[PDB]
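Enquirer: Once you've had a glance at the structure underneath, I'll fire off some questions.
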Amino acid sequence: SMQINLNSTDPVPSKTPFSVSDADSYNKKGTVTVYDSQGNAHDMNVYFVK
Amino acid sequence: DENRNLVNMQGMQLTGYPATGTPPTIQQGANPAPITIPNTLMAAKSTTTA
């Protein structure tokens with residue numbers, strides 16, 4: 001479970017093709033840590049784009 | 001430190017957001033990394049507007 005407060009005045013981004021590295025495609029990045037069946041930790045990045 | 005990090009008086013490093021780019025900006029979409037004051041040189045900027 002994950003709660004988030006997003007800003008309503010935040011603009012649509014200029015650089016339109018979505019990628020991972022360049023930090024002007026998305027609006028917000030958040031990170032959750034989960035654990036697999038053997039106990040190794042994995043990191044899920046969620047990216048919120050208006 | 002010797003490696004010029006930021007460290008409290010017991011020997012533990014102070015983590016933070018790193019800085020990349022020309023000019024460098026903050027990347028909140030990154031992993032937390034130890035801050036380091038660098039011994040490098042500033043880079044020149046060619047003239048654009050007079």
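FYI, nothing fancy with the structure tokens labels: chains A, B, ... in order, residues from 1 per chain, ligands from 1 as they appear.
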As a PyMOL selection string, please: the residues near residue 4 in chain B (cut-off 10 Å, only C-alpha atoms, same-chain neighbours under 6 positions excluded).

Expert: chain B and resi 35-39

Enquirer: Please identify every residue of chain B that has at least one atom no more than 9 Å from any atom of chain A, counting only C-alpha atoms, and report them as a PyMOL selection string.

Expert: chain B and resi 27-29

Enquirer: So which residues touch range 41-43 of chain B within 12 Å, counting only C-alpha atoms, skipping near sequence neighbours fewer than 4 positions away, as a PyMOL selection string?

Expert: chain B and resi 21-24+37

Enquirer: Could you write out that same residue set with C-alpha atoms as a PDB file, in the first residue's frame?

Expert:
```
ATOM      1  CA  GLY B  21      25.042  17.603 -15.194  1.00  0.00           C
ATOM      2  CA  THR B  22      26.574  20.585 -16.973  1.00  0.00           C
ATOM      3  CA  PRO B  23      25.474  22.726 -15.094  1.00  0.00           C
ATOM      4  CA  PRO B  24      24.934  20.299 -12.209  1.00  0.00           C
ATOM      5  CA  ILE B  37      33.189  17.629  -1.856  1.00  0.00           C
TER       6      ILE B  37
END
```

Enquirer: So which residues of chain B fall under strand (DSSP E) by DSSP, listed as a list in words?

Expert: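 Selecting the strand (DSSP E) positions of chain B gives residues 15, 16, 19, 20, 21, 24, 25, 26, 33 and 34 of chain B.
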
Enquirer: With C-alpha atoms retained, write the just-selected residues as an mmCIF file, in the first residue's frame.

Expert:
```cif
data_model
loop_
_atom_site.group_PDB
_atom_site.id
_atom_site.type_symbol
_atom_site.label_atom_id
_atom_site.label_comp_id
_atom_site.auth_asym_id
_atom_site.auth_seq_id
_atom_site.Cartn_x
_atom_site.Cartn_y
_atom_site.Cartn_z
ATOM 1 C CA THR B 15 24.156 10.199 2.679
ATOM 2 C CA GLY B 16 22.319 12.388 0.237
ATOM 3 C CA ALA B 19 24.741 16.037 -8.384
ATOM 4 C CA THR B 20 25.360 15.457 -12.096
ATOM 5 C CA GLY B 21 25.042 17.603 -15.194
ATOM 6 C CA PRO B 24 24.934 20.299 -12.209
ATOM 7 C CA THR B 25 21.446 20.018 -10.752
ATOM 8 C CA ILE B 26 19.837 17.851 -8.100
ATOM 9 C CA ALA B 33 24.612 8.277 -2.050
ATOM 10 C CA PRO B 34 27.353 9.663 0.214
#
```

Enquirer: Using only C-alpha atoms for the distances, tell me which of A:9, A:16, A:27, A:1 is nearest to residue 48 in chain A.

Expert: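 Smallest separation from residue 48 in chain A among the options: A:27.
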
Enquirer: What's the separation between CA of residue 2 in chain A and CA of residue 13 in chain B, in Å to one decimal place?

Expert: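 These atoms are spaced 29.3 Å apart.
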